[PDB]
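Enquirer: So here's my_file05.cif, just mmCIF, C-alpha atoms:
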data_input
loop_
_atom_site.group_PDB
_atom_site.id
_atom_site.type_symbol
_atom_site.label_atom_id
_atom_site.label_comp_id
_atom_site.auth_asym_id
_atom_site.auth_seq_id
_atom_site.Cartn_x
_atom_site.Cartn_y
_atom_site.Cartn_z
ATOM 1 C CA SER A 1 110.987 149.550 60.938
ATOM 2 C CA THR A 2 110.213 146.284 62.716
ATOM 3 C CA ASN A 3 110.013 145.511 66.428
ATOM 4 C CA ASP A 4 112.487 142.991 67.993
ATOM 5 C CA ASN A 5 109.774 140.395 68.249
ATOM 6 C CA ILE A 6 109.282 140.508 64.475
ATOM 7 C CA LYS A 7 112.976 140.050 63.664
ATOM 8 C CA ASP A 8 113.018 136.848 65.717
ATOM 9 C CA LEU A 9 110.095 135.519 63.674
ATOM 10 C CA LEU A 10 111.748 136.427 60.380
ATOM 11 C CA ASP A 11 114.867 134.515 61.370
ATOM 12 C CA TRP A 12 112.826 131.518 62.331
ATOM 13 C CA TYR A 13 110.872 131.610 59.082
ATOM 14 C CA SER A 14 113.761 132.266 56.659
ATOM 15 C CA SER A 15 116.124 129.511 57.812
ATOM 16 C CA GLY A 16 114.805 126.520 55.860
ATOM 17 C CA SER A 17 113.889 123.112 57.178
ATOM 18 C CA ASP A 18 115.168 119.567 57.352
ATOM 19 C CA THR A 19 113.457 117.228 54.891
ATOM 20 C CA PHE A 20 114.254 113.589 55.463
ATOM 21 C CA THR A 21 112.535 110.467 54.193
ATOM 22 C CA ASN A 22 112.301 106.908 55.227
ATOM 23 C CA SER A 23 113.982 107.381 58.626
ATOM 24 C CA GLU A 24 113.836 104.644 61.283
ATOM 25 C CA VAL A 25 112.244 104.941 64.730
ATOM 26 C CA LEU A 26 114.916 104.170 67.316
ATOM 27 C CA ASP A 27 113.102 105.264 70.426
ATOM 28 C CA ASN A 28 109.755 106.862 71.243
ATOM 29 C CA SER A 29 109.012 108.217 74.695
ATOM 30 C CA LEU A 30 106.575 110.804 76.017
ATOM 31 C CA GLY A 31 107.417 114.149 74.433
ATOM 32 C CA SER A 32 110.104 113.000 71.998
ATOM 33 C CA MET A 33 111.500 110.486 69.531
ATOM 34 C CA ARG A 34 114.973 109.310 68.556
ATOM 35 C CA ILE A 35 114.950 108.555 64.837
ATOM 36 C CA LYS A 36 117.839 107.276 62.672
ATOM 37 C CA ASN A 37 117.980 109.241 59.393
ATOM 38 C CA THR A 38 119.047 107.784 56.028
ATOM 39 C CA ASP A 39 122.398 109.649 56.036
ATOM 40 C CA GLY A 40 123.151 108.127 59.430
ATOM 41 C CA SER A 41 122.500 111.258 61.459
ATOM 42 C CA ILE A 42 120.325 110.898 64.553
ATOM 43 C CA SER A 43 117.350 113.174 65.015
ATOM 44 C CA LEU A 44 116.104 113.922 68.492
ATOM 45 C CA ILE A 45 112.651 115.449 68.018
ATOM 46 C CA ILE A 46 110.196 116.885 70.560
ATOM 47 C CA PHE A 47 106.386 116.943 70.490
ATOM 48 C CA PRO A 48 105.118 119.416 73.140
ATOM 49 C CA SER A 49 101.377 119.218 72.318
ATOM 50 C CA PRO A 50 99.415 116.356 73.967
ATOM 51 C CA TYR A 51 97.095 116.286 70.919
ATOM 52 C CA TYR A 52 99.839 115.411 68.441
ATOM 53 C CA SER A 53 101.633 112.584 70.205
ATOM 54 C CA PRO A 54 103.483 110.304 67.692
ATOM 55 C CA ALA A 55 102.723 106.645 68.302
ATOM 56 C CA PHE A 56 105.016 104.760 65.908
ATOM 57 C CA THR A 57 106.889 101.881 67.557
ATOM 58 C CA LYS A 58 110.655 101.279 67.531
ATOM 59 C CA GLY A 59 111.199 99.914 64.062
ATOM 60 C CA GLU A 60 108.681 101.769 61.922
ATOM 61 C CA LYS A 61 109.695 104.033 59.031
ATOM 62 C CA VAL A 62 108.618 107.729 59.114
ATOM 63 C CA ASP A 63 109.220 110.942 57.150
ATOM 64 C CA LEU A 64 110.451 114.256 58.504
ATOM 65 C CA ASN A 65 109.617 117.797 57.407
ATOM 66 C CA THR A 66 110.949 119.437 60.539
ATOM 67 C CA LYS A 67 112.939 122.375 61.925
ATOM 68 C CA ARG A 68 115.995 122.687 64.217
ATOM 69 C CA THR A 69 115.532 123.952 67.744
ATOM 70 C CA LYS A 70 119.252 124.607 68.188
ATOM 71 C CA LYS A 71 122.605 123.930 66.584
ATOM 72 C CA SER A 72 123.198 120.306 65.617
ATOM 73 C CA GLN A 73 126.101 118.496 67.303
ATOM 74 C CA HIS A 74 128.527 115.591 67.224
ATOM 75 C CA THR A 75 128.493 112.861 69.836
ATOM 76 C CA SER A 76 131.430 111.073 71.416
ATOM 77 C CA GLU A 77 130.994 108.116 69.007
ATOM 78 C CA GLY A 78 131.231 110.521 66.060
ATOM 79 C CA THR A 79 127.540 110.568 65.240
ATOM 80 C CA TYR A 80 125.923 113.793 64.086
ATOM 81 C CA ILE A 81 122.783 114.725 65.979
ATOM 82 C CA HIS A 82 119.884 117.066 65.260
ATOM 83 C CA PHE A 83 117.537 118.712 67.743
ATOM 84 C CA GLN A 84 114.201 119.374 66.127
ATOM 85 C CA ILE A 85 110.579 120.062 66.884
ATOM 86 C CA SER A 86 107.510 118.372 65.349
ATOM 87 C CA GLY A 87 107.225 117.301 61.709
ATOM 88 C CA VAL A 88 107.066 113.509 61.909
ATOM 89 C CA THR A 89 104.569 111.806 59.605
ATOM 90 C CA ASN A 90 104.004 108.321 58.148
ATOM 91 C CA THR A 91 105.567 107.228 54.840
ATOM 92 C CA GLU A 92 102.530 107.161 52.506
ATOM 93 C CA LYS A 93 102.870 108.887 49.180
ATOM 94 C CA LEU A 94 100.194 110.143 46.809
ATOM 95 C CA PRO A 95 99.470 108.520 43.419
ATOM 96 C CA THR A 96 100.189 111.905 41.858
ATOM 97 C CA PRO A 97 101.754 115.089 43.285
ATOM 98 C CA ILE A 98 99.056 117.665 43.793
ATOM 99 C CA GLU A 99 99.227 121.392 44.134
ATOM 100 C CA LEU A 100 97.788 122.807 47.342
ATOM 101 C CA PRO A 101 95.334 125.662 46.625
ATOM 102 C CA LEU A 102 97.025 128.756 48.087
ATOM 103 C CA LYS A 103 95.609 132.274 47.915
ATOM 104 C CA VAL A 104 97.340 135.402 49.143
ATOM 105 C CA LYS A 105 96.094 138.968 49.729
ATOM 106 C CA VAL A 106 98.682 141.646 50.597
ATOM 107 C CA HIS A 107 96.600 144.374 52.261
ATOM 108 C CA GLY A 108 93.408 143.334 50.513
ATOM 109 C CA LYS A 109 94.901 143.293 47.001
ATOM 110 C CA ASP A 110 95.446 139.725 45.782
ATOM 111 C CA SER A 111 98.910 138.569 44.881
ATOM 112 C CA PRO A 112 99.849 135.702 42.479
ATOM 113 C CA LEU A 113 102.008 132.779 43.762
ATOM 114 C CA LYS A 114 105.683 131.844 43.188
ATOM 115 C CA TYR A 115 107.708 129.472 45.502
ATOM 116 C CA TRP A 116 104.719 127.147 45.560
ATOM 117 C CA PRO A 117 105.647 123.546 44.775
ATOM 118 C CA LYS A 118 103.432 120.476 44.823
ATOM 119 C CA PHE A 119 103.445 117.760 47.394
ATOM 120 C CA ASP A 120 103.743 114.030 47.257
ATOM 121 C CA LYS A 121 102.947 113.045 50.845
ATOM 122 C CA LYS A 122 99.499 111.838 51.832
ATOM 123 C CA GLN A 123 99.867 113.514 55.258
ATOM 124 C CA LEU A 124 101.658 116.575 56.564
ATOM 125 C CA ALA A 125 102.024 118.017 60.074
ATOM 126 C CA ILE A 126 100.314 121.340 60.503
ATOM 127 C CA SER A 127 103.562 122.927 61.660
ATOM 128 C CA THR A 128 105.063 121.877 58.327
ATOM 129 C CA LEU A 129 102.283 123.551 56.370
ATOM 130 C CA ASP A 130 102.601 126.606 58.572
ATOM 131 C CA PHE A 131 106.265 127.151 57.827
ATOM 132 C CA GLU A 132 105.919 126.352 54.143
ATOM 133 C CA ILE A 133 103.165 128.921 54.023
ATOM 134 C CA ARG A 134 105.001 131.488 56.164
ATOM 135 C CA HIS A 135 108.226 130.906 54.285
ATOM 136 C CA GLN A 136 106.710 131.877 50.968
ATOM 137 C CA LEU A 137 104.909 134.776 52.623
ATOM 138 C CA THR A 138 108.192 136.212 53.933
ATOM 139 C CA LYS A 139 110.439 135.394 51.015
ATOM 140 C CA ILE A 140 107.965 136.327 48.283
ATOM 141 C CA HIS A 141 105.497 138.864 49.603
ATOM 142 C CA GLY A 142 107.485 140.769 52.221
ATOM 143 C CA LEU A 143 106.159 139.351 55.447
ATOM 144 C CA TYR A 144 108.030 140.671 58.490
ATOM 145 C CA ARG A 145 110.350 142.599 56.166
ATOM 146 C CA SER A 146 108.591 145.941 56.607
ATOM 147 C CA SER A 147 106.602 147.758 59.301
ATOM 148 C CA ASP A 148 103.423 147.589 57.249
ATOM 149 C CA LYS A 149 103.607 143.773 56.955
ATOM 150 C CA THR A 150 103.688 142.256 60.414
ATOM 151 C CA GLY A 151 100.454 140.321 60.760
ATOM 152 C CA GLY A 152 97.524 138.309 59.532
ATOM 153 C CA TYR A 153 96.583 134.652 59.343
ATOM 154 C CA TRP A 154 96.721 131.546 57.234
ATOM 155 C CA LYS A 155 93.513 129.545 57.125
ATOM 156 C CA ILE A 156 93.151 125.956 56.019
ATOM 157 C CA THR A 157 89.633 125.091 55.031
ATOM 158 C CA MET A 158 89.190 121.335 54.944
ATOM 159 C CA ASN A 159 86.965 119.323 52.656
ATOM 160 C CA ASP A 160 85.007 118.232 55.737
ATOM 161 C CA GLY A 161 84.173 121.682 57.135
ATOM 162 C CA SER A 162 86.887 121.640 59.822
ATOM 163 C CA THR A 163 89.245 124.593 59.809
ATOM 164 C CA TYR A 164 92.848 125.412 60.861
ATOM 165 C CA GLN A 165 94.605 128.774 61.270
ATOM 166 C CA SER A 166 97.450 130.674 62.904
ATOM 167 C CA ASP A 167 98.291 134.269 63.753
ATOM 168 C CA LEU A 168 101.017 135.667 61.525
ATOM 169 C CA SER A 169 102.548 137.591 64.439
ATOM 170 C CA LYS A 170 103.029 134.859 66.957
ATOM 171 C CA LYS A 171 105.281 131.870 66.486
ATOM 172 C CA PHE A 172 103.223 128.809 65.602
ATOM 173 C CA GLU A 173 101.867 127.170 68.760
ATOM 174 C CA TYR A 174 103.789 123.900 68.703
ATOM 175 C CA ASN A 175 102.602 123.145 72.183
ATOM 176 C CA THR A 176 98.888 122.978 71.250
ATOM 177 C CA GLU A 177 99.344 121.618 67.714
ATOM 178 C CA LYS A 178 96.797 119.140 66.294
ATOM 179 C CA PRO A 179 97.641 115.790 64.565
ATOM 180 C CA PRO A 180 98.796 115.655 60.912
ATOM 181 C CA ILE A 181 96.319 116.017 58.077
ATOM 182 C CA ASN A 182 95.902 114.365 54.625
ATOM 183 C CA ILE A 183 96.684 117.130 52.131
ATOM 184 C CA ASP A 184 94.403 115.666 49.442
ATOM 185 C CA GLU A 185 91.480 116.424 51.795
ATOM 186 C CA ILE A 186 92.435 120.098 52.004
ATOM 187 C CA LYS A 187 89.782 122.222 50.367
ATOM 188 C CA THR A 188 91.572 125.608 50.293
ATOM 189 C CA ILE A 189 94.330 127.634 51.957
ATOM 190 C CA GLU A 190 94.071 131.372 52.510
ATOM 191 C CA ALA A 191 96.592 133.908 53.736
ATOM 192 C CA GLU A 192 96.159 137.569 54.572
ATOM 193 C CA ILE A 193 98.663 140.276 55.513
ATOM 194 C CA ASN A 194 98.493 143.562 57.443
#
Let me see the file written as structure tokens.

Expert:
Amino acid sequence: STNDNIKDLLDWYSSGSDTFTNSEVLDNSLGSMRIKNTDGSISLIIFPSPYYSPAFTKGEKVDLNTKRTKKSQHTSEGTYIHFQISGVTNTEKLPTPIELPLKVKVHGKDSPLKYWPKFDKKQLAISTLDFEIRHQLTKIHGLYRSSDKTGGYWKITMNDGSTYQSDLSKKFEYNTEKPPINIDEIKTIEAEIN
């Protein structure tokens, strides 16, 4: 059986995200941005980490592969609003959608992929990658769904030596998160479960 901490993580990781494209920067202030989405909804997004501090000016276009911090709401003027965290990248696309090299090992034994699509964006926020990764892990492999599957790590080995990783037991550290990366420069992605 799982501990209460685990459940909370499962919920977080099995509740999809909010993909938006070509949204407009309305306001950018320390810690957050007000961005007008294509469907006319307004997204209020927070960036807790001082390392990843969005610098687009009021007027620029940006993409969003983010998550909701709490239930979305309606304003007095009838506008729908979303409260999200991280996930704001520039608009540059890739000449051709590429598959990100993902490898998974459930308790040592390798396990072939499934919900693994390709991407079209030049850059992606690490949080985004984290939840994509974790999402497949949970949905497909059984992460957080059983006592014997409550931990591990995902490691992103870059083309230029640099590395990225997170503990599959703690909620991604949004507060210390590093800037977005160019997925075509990713060398490999590894994931392990215990």

Enquirer: Rounded to one decimal, what separation in Å do you get between atom CA of residue 150 of chain A and atom CA of residue 3 of chain A?

Expert: 9.3 Å

Enquirer: For atom CA of residue 46 of chain A and atom CA of residue 31 of chain A, determine how far apart the two atoms are, in Å to one decimal place.

Expert: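 These atoms are spaced 5.5 Å apart.
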
Enquirer: Check which residues of segment 121-148 of chain A sit at most 9 Å from segment 152-166 of chain A using all atoms listed in the file, and return one row each with the closest pair of atoms and their distance in Å to one decimal, ordered by chain and rising number, as CSV.

Expert:
residue,atom,partner,partner_atom,distance
A:126,CA,A:164,CA,8.5
A:130,CA,A:154,CA,7.8
A:133,CA,A:154,CA,7.7
A:134,CA,A:154,CA,8.3

Enquirer: Measuring between only C-alpha atoms, which one of A:169, A:188, A:2, A:194 shows the shortest distance to residue 99 of chain A?

Expert: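 Among the listed residues, the smallest separation from residue 99 of chain A belongs to A:188.
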
Enquirer: Starting from the shown file, work through the PyMOL selection byres ((chain A and resi 88-90) around 9) and note down what comes out as a list in words.

Expert: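 Applying the expression gives residues 22, 45, 54, 56, 60, 61, 62, 63, 64, 65, 66, 85, 86, 87, 91, 92, 121, 122, 123, 124, 125 and 180 of chain A.
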
Enquirer: What does the PyMOL selection byres ((chain A and resi 11) around 12) select in this file, as number ranges by chain?

Expert: A: 4-10, 12-16, 131, 134-135, 138-139, 143-145, 171

Enquirer: Taking into account all atoms listed in the file, which residue in the set A:1, A:76, A:53, A:41 is nearest to residue 147 of chain A?

Expert: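 Nearest to residue 147 of chain A: A:1.
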
Enquirer: Can you work out the spacing between atom CA of residue 23 of chain A and atom CA of residue 117 of chain A in Å, to one decimal?

Expert: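 One can read the atom CA of residue 23 of chain A to atom CA of residue 117 of chain A distance as 22.9 Å.
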
Enquirer: Need the axis-aligned box for segment 114-130 of chain A with 4 Å each side, so what are the centre and edges in Å to one decimal, as lines of an AutoDock Vina configuration file?

Expert:
center_x = 103.6
center_y = 121.8
center_z = 52.4
size_x = 16.2
size_y = 28.0
size_z = 26.5

Enquirer: Quick one: everything within 12 Å of residue 71 of chain A, counting only C-alpha atoms, minus sequence neighbours fewer than 2 positions away in the same chain. Send it as a ChimeraX atom specification.

Expert: /A:67-69,73-74,80-84

Enquirer: Looking at only C-alpha atoms, which of A:111, A:57, A:32, A:176 is the one that sits closest to residue 127 of chain A?

Expert: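 The answer is A:176, which sits nearest to residue 127 of chain A.
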
Enquirer: Go through A:120, A:115, A:97, A:52 and flag the residue nearest residue 21 of chain A, using only C-alpha atoms for the distances.

Expert: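 Selected residue with least distance to residue 21 of chain A: A:120.
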
Enquirer: From the options A:190, A:77, A:184, A:132, which residue's atoms come nearest to residue 102 of chain A, counting all atoms listed in the file?

Expert: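 Nearest candidate to residue 102 of chain A out of A:190, A:77, A:184, A:132: A:190.
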
Enquirer: From the options A:33, A:128, A:72, A:110, which residue's atoms come nearest to residue 178 of chain A, counting all atoms listed in the file?

Expert: A:128
